[PDB]
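Below is one structure; the comments refer to it alone.
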Amino acid sequence: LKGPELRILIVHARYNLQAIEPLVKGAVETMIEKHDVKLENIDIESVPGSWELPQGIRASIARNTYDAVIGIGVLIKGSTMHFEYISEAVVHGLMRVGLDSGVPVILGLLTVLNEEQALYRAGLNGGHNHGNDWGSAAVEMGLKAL
Amino acid sequence: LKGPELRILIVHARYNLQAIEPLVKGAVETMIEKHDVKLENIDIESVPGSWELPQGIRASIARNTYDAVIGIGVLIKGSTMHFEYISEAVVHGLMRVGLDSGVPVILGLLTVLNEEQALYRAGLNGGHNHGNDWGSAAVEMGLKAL
Amino acid sequence: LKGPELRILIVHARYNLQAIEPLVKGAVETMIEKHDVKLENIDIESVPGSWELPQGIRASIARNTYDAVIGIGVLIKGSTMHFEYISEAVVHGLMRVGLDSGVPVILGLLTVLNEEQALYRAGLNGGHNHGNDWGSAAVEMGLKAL
Amino acid sequence: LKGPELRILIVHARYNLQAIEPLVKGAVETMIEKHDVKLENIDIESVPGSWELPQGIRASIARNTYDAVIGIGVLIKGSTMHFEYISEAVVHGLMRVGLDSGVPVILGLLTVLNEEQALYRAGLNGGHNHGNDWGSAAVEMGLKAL
Amino acid sequence: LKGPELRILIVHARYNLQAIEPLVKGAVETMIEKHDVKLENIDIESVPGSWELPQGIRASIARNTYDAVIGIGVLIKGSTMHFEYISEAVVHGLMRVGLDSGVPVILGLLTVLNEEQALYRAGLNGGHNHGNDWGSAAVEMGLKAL
Ligand SMILES: O=Nc1c(NC[C@H](O)[C@H](O)[C@H](O)CO)[nH]c(=O)[nH]c1=O
Ligand SMILES: O=Nc1c(NC[C@H](O)[C@H](O)[C@H](O)CO)[nH]c(=O)[nH]c1=O
Ligand SMILES: O=Nc1c(NC[C@H](O)[C@H](O)[C@H](O)CO)[nH]c(=O)[nH]c1=O
Ligand SMILES: O=Nc1c(NC[C@H](O)[C@H](O)[C@H](O)CO)[nH]c(=O)[nH]c1=O
Ligand SMILES: O=Nc1c(NC[C@H](O)[C@H](O)[C@H](O)CO)[nH]c(=O)[nH]c1=O
């Protein structure tokens, strides 16, 4: 599946940047190299934390036109219930924004127990980079939308 | 109950295809063989993962007209909280799409602890294929809708 | 409280019929015998499972006019997380349908760990039939709605 | 803070009346004695159970005009998952009704493990009556609304 | 990032004031000192408890115009399930208000097991004041909104 005409938006948070960067890279590279997406057609915005993800995406969806958007963030369990509540709220938020707008929203949210799990799913320490999968999913949903 | 005039949509994810195929088959066969649904009147779309299910269904519901739709996906517990949050979000999502559109959405989502449980509910290893039940449910809700 | 003019709708699922029948009976009998509701004024629809409850109710609410509706279903914990997710989604769904329509929706949903608990709350094995309470609640909310 | 002109609505369920009455009293008395709210300006409706709370409040909010409303109910953990699902649904429902209507809805819902805990929070057995706090909150939000 | 023209709203609850004051201070000081936000351009409202947070914010969002709002509250686990249900409802409520209005809502909600954890995240006893981070997040989201 190739989408030379696809316009993709990527909004990522900045918490746990060590895990986030590889994820964004994987997503971008895969779209470009495996799906012929054009670098100029990929916008990359960022927000402070995962909580801002739904809101950041919604604001951008109103500004420009995209065929698909990927929300990327990394939530790690802490000592409080903060993680549980934010996670639940962000996941529902992302789903709402996609259903409300009609624009496919790909879930690049990692909700892990600790750092190691995040890094692993970002392709480090022998793991598989999940951003790659998200890249392909974005392309696919973008096309099926047209 | 027979629905020769019913138009049914089936959207399934592609994760855990070993479990998904039998489910789709069961659903289709049952509708055709037990309810006189016409093969030509059954559309089968697919999406990457369960997360795309609500969005895929919504997009299609807008394109064409269906009497009922079946969302099929298989979520398996992993090492992180990913499973819990995606499950909760997809289930609420599917319910929303059905209530928003007025089109009956049948739940063919399996949320299991491991592969064996999925395969079992797909009719393998002595289990009962749940896709069959979903097929009948779709037909029934489609008729009651008219 | 008597509601001779009340029009009540009862939508019940068909899973765990052993527990469902007594519940419907209790609800109907109580409304008729204790509240003077007229048998002709009580519609009884059914759907495959609890998941279809919100959707079934919504469809009917659009067709005819009712003063109150009772959603009856029985969900039993199985081996997977299926029970937890369906339960949460159905409960939110029923609440939405009632708030969206302005029509009182009485919760006749049992979310139990096993069969015995269901049967018991259906008035068998020394238990109290909860359908009765639901019957009275429906009548009361219907009147307060007018 | 005094609100002589405030019109307050109180909707309470009837389950666990032993705990509910003290709560309503505390709320009413505090508003009157500490905030100069007029007895004639306080409406008190009731519903069967906590599930009817959101619906009861919504119906009344449409009938008359209020500056604030207090939802009072007592949910006690039983042997099934009933408590968990009803609790979650009612809390979300009350929040929705307030955000939808723009009318402040004060949470006078107790979600406890057993009777003792309820009675205690109702001011009995050495406890502090929480209805009092709700009374003050209602007055405060009602004023800030104007 | 500097926002001399930004208008920021801060709504905080009054429960656990020992933890709330430092949080508000941190937020305000950071915006002013690190982002050139003007003291006159920062409104600070308050509400009784965290439950009133979404409602308070919504009311204010309707009155005036803000570029971003920060919701600050502290919920501590008690002996009942009260904490769990209020937390879930408030977090979803805040997300809704931001998505509904299009105005960025920063989450300054602490959901902790005990006081010590709250104080610690408020910058006391060797901890880092989280209000600071919230201040920067507000400024950032406010600008990206314009
Ligand atoms: O706290 N842990 C995390 C976190 N908190 C930041 C929050 O999303 C937000 O920026 C403000 O709290 C309120 O606006 N954000 C993440 O993306 N991952 C975490 O693991
Ligand atoms: O991860 N496990 C699973 C899964 N992840 C895929 C996800 O739904 C989606 O494709 C992207 O994450 C975000 O768009 N999807 C499933 O259907 N089952 C699983 O068991
Ligand atoms: O599975 N257990 C149960 C159940 N599944 C059926 C489901 O509601 C529905 O019919 C289809 O899954 C998707 O449309 N329905 C119940 O009322 N109780 C249960 O205990
Ligand atoms: O069951 N326990 C409780 C309860 N059930 C009643 C329910 O709210 C309703 O009246 C009907 O079920 C469906 O309409 N209601 C409460 O306020 N507290 C409880 O502790
Ligand atoms: O109870 N514990 C807490 C609490 N209850 C107050 C509640 O938010 C509200 O004021 C009324 O209950 C209903 O309107 N509020 C908090 O901000 N933190 C807590 O730790």
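We name chains A, B, ... following the order of the structure tokens; residues begin at 1 in each chain, and ligands are numbered from 1 as shown.
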
key: Expected answer as a VMD selection string: residues within 10 Å of ligand 5, only C-alpha atoms and all ligand atoms   = (chain D and resid 69 to 72 104 to 110 130 to 131 133 to 138 141) or (chain E and resid 12 to 17 20 47 to 53 72 to 78 80 82 to 83 86 to 87 90 109 to 115)

Minimum-distance residue to ligand 2, chosen among A:94, A:146, A:118, A:1 (using only C-alpha atoms and all ligand atoms) =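 The shortest atom-to-atom distance to ligand 2 comes from A:94.
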
key: Who sits within 9 Å of residue 119 in chain C, only C-alpha atoms, same chain under 3 positions skipped, as a PyMOL selection string   = chain C and resi 18-20+22+115-116+122-125+127+129

Would you mind exporting N, CA and C atoms of the selected residues as a PDB file, in the first residue's frame?
```
ATOM      1  N   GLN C  18     -33.318 -18.834  32.093  1.00  0.00           N
ATOM      2  CA  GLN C  18     -33.823 -19.381  33.350  1.00  0.00           C
ATOM      3  C   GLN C  18     -33.976 -18.273  34.383  1.00  0.00           C
ATOM      4  N   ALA C  19     -33.088 -17.281  34.318  1.00  0.00           N
ATOM      5  CA  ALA C  19     -33.120 -16.165  35.255  1.00  0.00           C
ATOM      6  C   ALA C  19     -33.973 -15.013  34.723  1.00  0.00           C
ATOM      7  N   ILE C  20     -33.975 -14.842  33.407  1.00  0.00           N
ATOM      8  CA  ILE C  20     -34.719 -13.767  32.785  1.00  0.00           C
ATOM      9  C   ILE C  20     -36.238 -13.862  32.850  1.00  0.00           C
ATOM     10  N   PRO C  22     -38.366 -15.271  35.103  1.00  0.00           N
ATOM     11  CA  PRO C  22     -38.946 -14.875  36.398  1.00  0.00           C
ATOM     12  C   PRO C  22     -38.905 -13.350  36.591  1.00  0.00           C
ATOM     13  N   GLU C 115     -24.296 -18.326  38.139  1.00  0.00           N
ATOM     14  CA  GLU C 115     -25.718 -18.611  37.991  1.00  0.00           C
ATOM     15  C   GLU C 115     -26.560 -18.510  39.268  1.00  0.00           C
ATOM     16  N   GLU C 116     -26.082 -19.139  40.334  1.00  0.00           N
ATOM     17  CA  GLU C 116     -26.792 -19.139  41.598  1.00  0.00           C
ATOM     18  C   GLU C 116     -27.186 -17.722  41.999  1.00  0.00           C
ATOM     19  N   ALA C 122     -33.632 -13.510  41.216  1.00  0.00           N
ATOM     20  CA  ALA C 122     -34.807 -13.671  40.359  1.00  0.00           C
ATOM     21  C   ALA C 122     -35.943 -14.285  41.203  1.00  0.00           C
ATOM     22  N   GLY C 123     -35.721 -14.392  42.511  1.00  0.00           N
ATOM     23  CA  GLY C 123     -36.737 -14.941  43.379  1.00  0.00           C
ATOM     24  C   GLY C 123     -36.726 -16.439  43.624  1.00  0.00           C
ATOM     25  N   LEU C 124     -35.777 -17.160  43.036  1.00  0.00           N
ATOM     26  CA  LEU C 124     -35.692 -18.602  43.247  1.00  0.00           C
ATOM     27  C   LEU C 124     -34.817 -18.881  44.469  1.00  0.00           C
ATOM     28  N   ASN C 125     -34.813 -20.143  44.908  1.00  0.00           N
ATOM     29  CA  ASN C 125     -34.017 -20.610  46.047  1.00  0.00           C
ATOM     30  C   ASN C 125     -34.006 -19.684  47.247  1.00  0.00           C
ATOM     31  N   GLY C 127     -34.692 -16.479  47.331  1.00  0.00           N
ATOM     32  CA  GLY C 127     -34.392 -15.085  47.068  1.00  0.00           C
ATOM     33  C   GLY C 127     -35.612 -14.220  46.800  1.00  0.00           C
ATOM     34  N   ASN C 129     -37.536 -11.619  44.251  1.00  0.00           N
ATOM     35  CA  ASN C 129     -37.539 -11.275  42.830  1.00  0.00           C
ATOM     36  C   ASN C 129     -37.361  -9.771  42.650  1.00  0.00           C
TER      37      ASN C 129
END
```

ask   = With only C-alpha atoms and all ligand atoms as the basis for distance, which of E:27, E:7, E:42, E:58 is at the shortest distance from ligand 1?
value = E:27

message = Just list as an MDAnalysis selection string whatever in range 5-130 of chain A DSSP marks as helix (DSSP H, G or I).
response = chainID A and resid 17:35 39:41 50:63 82:101 115:121 130

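Using only C-alpha atoms, the smallest distance between any of B:35, B:121, B:128, B:63 and chain C comes from B:121.
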
key: Residue contacts of residue 132 in chain B (8 Å, only C-alpha atoms) excluding same-chain residues fewer than 6 positions away, as JSON, numbers by chain   = {"B": [23, 26, 27, 28, 29, 30, 31]}

Write the residues you've just listed into a file as a PDB file, in the first residue's frame, and include C-alpha atoms for each of them.
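Once written, again-v9.pdb looks like this:
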```pdb
ATOM      1  CA  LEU B  23     -14.928 -16.154  13.329  1.00  0.00           C
ATOM      2  CA  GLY B  26     -18.776 -18.763  11.094  1.00  0.00           C
ATOM      3  CA  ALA B  27     -20.623 -15.478  10.948  1.00  0.00           C
ATOM      4  CA  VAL B  28     -20.935 -15.520   7.155  1.00  0.00           C
ATOM      5  CA  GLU B  29     -21.889 -19.191   6.822  1.00  0.00           C
ATOM      6  CA  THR B  30     -24.517 -18.985   9.535  1.00  0.00           C
ATOM      7  CA  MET B  31     -26.177 -15.908   8.008  1.00  0.00           C
TER       8      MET B  31
END
```

task = Provide the CA of residue 3 in chain C to CA of residue 8 in chain D distance in Å, to one decimal place.
result = 29.0 Å

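Considering the residues C:37, C:4, C:46, C:81 and counting only C-alpha atoms, residue 140 in chain B has its shortest atom-to-atom contact with C:46.
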
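Between CA of residue 38 in chain B and CA of residue 9 in chain B the interatomic distance comes to 12.1 Å.
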
note = Judged by only C-alpha atoms, the minimum distance to chain A among E:24, E:39, E:11, E:103 is found for E:103
